[PDB]
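Report on one structure; see the data block that follows.
Here the Cβ positions follow ideal geometry from the backbone for every residue, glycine too, while neighbour counts run over all protein chains shown. What follows is calculated from the coordinates using simple rules that are stated; it is not laboratory data.
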Protein chains: 2
Amino acid sequence: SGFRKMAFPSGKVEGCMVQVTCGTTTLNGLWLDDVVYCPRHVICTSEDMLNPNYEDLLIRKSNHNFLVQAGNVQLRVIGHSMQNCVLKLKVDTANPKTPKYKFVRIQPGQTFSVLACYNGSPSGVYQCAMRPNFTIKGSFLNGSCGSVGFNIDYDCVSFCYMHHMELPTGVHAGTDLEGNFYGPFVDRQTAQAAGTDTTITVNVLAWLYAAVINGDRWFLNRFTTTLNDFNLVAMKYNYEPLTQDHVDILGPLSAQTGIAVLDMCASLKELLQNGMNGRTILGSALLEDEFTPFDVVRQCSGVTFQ
Amino acid sequence: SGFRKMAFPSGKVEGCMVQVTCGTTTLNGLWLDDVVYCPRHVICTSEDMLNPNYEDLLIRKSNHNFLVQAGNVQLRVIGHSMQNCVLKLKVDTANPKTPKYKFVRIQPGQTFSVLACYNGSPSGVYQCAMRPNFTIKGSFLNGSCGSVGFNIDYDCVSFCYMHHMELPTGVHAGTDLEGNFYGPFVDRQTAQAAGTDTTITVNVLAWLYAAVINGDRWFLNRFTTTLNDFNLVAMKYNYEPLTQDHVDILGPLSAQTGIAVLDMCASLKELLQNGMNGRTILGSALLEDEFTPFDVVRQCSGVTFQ
Ligand SMILES: *[C@H](O)[C@H](C[C@@H]1CCNC1=O)NC(=O)[C@@H]1[C@@H]2[C@H](CN1C(=O)COc1ccc(Cl)cc1Cl)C2(C)C
Ligand SMILES: *[C@H](O)[C@H](C[C@@H]1CCNC1=O)NC(=O)[C@@H]1[C@@H]2[C@H](CN1C(=O)COc1ccc(Cl)cc1Cl)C2(C)C
């Protein structure tokens, strides 16, 4: 037993990370087959990153302007092109470490592992959720652009995120691996802001089920509630509405614990109105919302990946 | 910016994990050079694990009783020996993936990354602290024994932990890689219990400095305190005593923020006596104690590993 914010093993992704330097900008790239993927603002400079015109900037570039460091070995760039907000640098060598992979775009509420990287070298790994406002609460410093987020499903890495920027509230924004931003953000230095977030209701319920599975039961009660009456409380506390599909997705957790989904909602209702009163749930004094039902089933059952 | 519970990249360790099966017990082993390391209770059975005599049990074993699966390839065991609570299985093949490594024993209060494994296959990675009572609050199910904890320091993996068991409170106990248990636990099924824990004071202060670096400042104050008067409050709230060396270790964080260590103690004192009053620190409603000063400096500065 026990319950931890757990990332996927990062080894398959570590073998794809490279360093991309252009001008005085160094960031990370993702090397799959004979392509290196990286944020397009690597082609920018100081006075560029204001309201840049990346098509103009890119046509002024040459293959040899892009220095690609795969560890202690330089990769020759033989072509370049822009795809939305990412660059695709064609290199003369296919990555012999290329795992089988997919480029997937995730939904707010879903989670993924981030391999934070600097100068092409992995620094750490942690779990993030896509917030309802399409930001992520990460840990990113200068030089971390091009770090990717991913999930693993048996032997296949599903890349879902490339890091591009921090917003003024300290949260982070980036793209899918096709270069399309999550949320209404642009890779310019403007006065853009996150905008209002909500709590991921279905995830909080999943985490409550994780707690019960692990022996935290004090928040349970004989009360129940209808979906509609629960959702008026959710709205009041800036929680996302709970749909019937969310109830369906929680079914296996409900069946394992023997606590009906709607009964757990009644428990969440009471926690929202009364707080916790000095008690904790799974070592937390806050209702946690960055674990999906899948995450709970995976950890409380022990799935692996080859 | 941002602050996350961050593990080390796990790739170097993933290449060492194997499956060890003996009788009807399957667990994980750690394959370094031509030795596989695993918990010695793999040689036990159901009626064995009560008050077993492992020397007697081991002399009754044969090299061929140990099935070692390195992925889809079987490793021939050519020798075996017991070292305290671990087995060393000599195999005919050296692991060509062996990273440079060390076997180190850590102190309570220090942190490490755990690569949770089942059937020799990595499942996830997360950060743990050695509690003052020599347990760890992990996430471990049946089959996870032999998963290791580790730190990475440039290119070198310092293995500090092998998993053996869960205690009745849901916390976890294991050994260093020389097979010596952390704390007063034995690899028998007895009525052993964790015993009383304390909060790691120096780590809480480090995390408060992490908060300030990341813009959470509401808990700061003009008050100060002496080390002695702080330590009477620490004792009252079941916090570990703060030593002058702890103050020294916090020096760089103090110097970066411009908040004297003893002034941050005064802030912790007030948080201990008043609570947080509905506010959070780094997304937590509890004082967090599983980040060392090193962890904070590493994350709030961006060190990597090759
Ligand atoms: C690429 O390595 C960086 C990663 C940034 C640096 C600090 N934290 C990060 O995640 N990306 C950028 O520097 C991008 C780049 C231009 C601006 N930018 C930003 O991150 C915006 O800036 C900030 C905004 C808010 C904060 Cl709290 C901090 C910073 Cl540095 C492009 C937008 C072109
Ligand atoms: C080896 O894979 C397991 C790992 C255990 C299983 C559940 N969680 C874990 O970390 N190790 C064991 O089964 C060891 C083994 C005998 C008993 N044992 C225990 O973990 C003790 O048991 C438990 C105690 C408390 C709880 Cl809450 C659950 C269990 Cl299963 C040796 C002590 C020989």
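Some notes on this structure:
- Test: residue in region A:152-160 that is in contact (Cβ under 8 Å) with a residue 60 or more places away in the chain and of a type in the set (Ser, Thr, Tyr): yes
- Residues of region A:250-268 satisfying the condition of being part of a helix (DSSP H, G or I) and either without any contact (Cβ under 8 Å) to a residue 12 or more places away in the chain or closer than 14 Å to residue A:200 by Cα (or both): A:251, A:255, A:265, A:268
- Pairing residues of region A:14-30 that are of a type in the set (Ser, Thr, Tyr) with residues that are part of a strand (DSSP E or B), at Cβ distances under 6 Å and at least 6 apart in sequence or on separate chains, gives A:21/A:67.
- Qualifying residue in region B:17-34 (condition: away from ligand 2 (no atom under 12 Å from the Cβ), within 19 Å of the chain's Cα centre (by Cα) and within 11 Å of chain A (Cβ to nearest Cβ)): yes
- Being in a helix (DSSP H, G or I) and buried (at least 17 other Cβ atoms within 10 Å of the Cβ) is a description that does not apply to residue A:5.
- Some residue of region A:68-82 being in a helix (DSSP H, G or I), more than 16 Å from ligand 2 (Cβ to nearest atom) and surrounded by fewer than 22 Cβ atoms within 10 Å (Cβ to Cβ): no
- One residue stands out in region B:152-211 among those that are polar (S, T, N, Q) and over 20 Å from residue B:106 (Cβ atoms): the one that is nearest to ligand 1 (Cβ to nearest atom), namely B:169.
- Selection within region A:167-183 - closer than 24 Å to residue A:89 by Cα and either of a type in the set (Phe, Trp, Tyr) or at the interface with another protein chain (Cβ under 9 Å from one of its Cβ atoms) (or both): A:181, A:182
- Annotation for region B:193-203: no member residue is within 16 Å of ligand 2 (Cβ to nearest atom) and in contact with a helix residue (DSSP H, G or I) (Cβ under 7 Å, 6 or more places away or on another chain).
- Residues within region A:239-270 that are surrounded by 12 or more Cβ atoms within 10 Å (Cβ to Cβ) and either touching a strand residue (DSSP E or B) at 6+ places or on another chain (Cβ under 7 Å) or among the aliphatic types (A, V, I, L, M) (or both), tallied: 14
- Condition met for residue B:85 (surrounded by fewer than 20 Cβ atoms within 10 Å (Cβ to Cβ), away from chain A (no Cβ under 14 Å) and either more than 23 Å from the chain's Cα centre (by Cα) or not charged (D, E, K, R) (or both)): no
- Of the candidates A:297, A:247, A:202, the single residue that is within 14 Å of another protein chain (Cβ to nearest Cβ) and either charged (D, E, K, R) or part of a helix (DSSP H, G or I) (or both) is A:297.
- Residue selected from region A:98-119 under the condition within 10 Å of another protein chain (Cβ to nearest Cβ) and under 17 Å from residue A:159 (Cα atoms), by the criterion surrounded by the most Cβ atoms within 10 Å (Cβ to Cβ): A:117
- Of all residues in region A:6-14, none are over 20 Å from the mean Cα position of the chain (by Cα) and among the acidic types (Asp, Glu).
- Total residues in region A:134-151 satisfying the condition of being more than 12 Å from chain B (Cβ to nearest Cβ) and either surrounded by fewer than 20 Cβ atoms within 10 Å (Cβ to Cβ) or within 8 Å of ligand 1 (Cβ to nearest atom) (or both): the figure is 3.
- First in region A:43-67 and over 17 Å from residue A:190 (Cβ atoms), second anywhere and surrounded by 10 or more Cβ atoms within 10 Å (Cβ to Cβ) and among the hydroxyl-bearing types (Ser, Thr, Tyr), Cβ under 7 Å, 6 or more apart: A:43/A:54; A:67/A:21
- Selection count, region B:209-238, where residues are within 13 Å of residue B:272 (Cα to Cα) and either part of a helix (DSSP H, G or I) or touching a strand residue (DSSP E or B) at 6+ places or on another chain (Cβ under 7 Å) (or both): 9
- Residue B:39 vs. criteria more than 14 Å from chain A (Cβ to nearest Cβ), surrounded by 23 or more Cβ atoms within 10 Å (Cβ to Cβ), within 26 Å of the chain's Cα centre (by Cα) and closer than 26 Å to residue B:165 by Cβ: yes
- Residues that are of a type outside the set (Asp, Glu), within 11 Å of ligand 1 (Cβ to nearest atom) and more than 16 Å from residue A:86 (Cα to Cα), drawn from region A:46-64: A:46, A:50, A:51
- Any strands (runs of 3 or more DSSP E) falling wholly within region A:84-166 and containing at least 1 residues that are of a type in the set (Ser, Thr, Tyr) and more than 16 Å from ligand 2 (Cβ to nearest atom): A:100-103, A:111-118, A:121-129, A:156-166
- When residues of region B:205-227 are limited to those that are of a type outside the set (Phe, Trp, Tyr) and within 14 Å of another protein chain (Cβ to nearest Cβ), the one nearest to ligand 2 (Cβ to nearest atom): B:210
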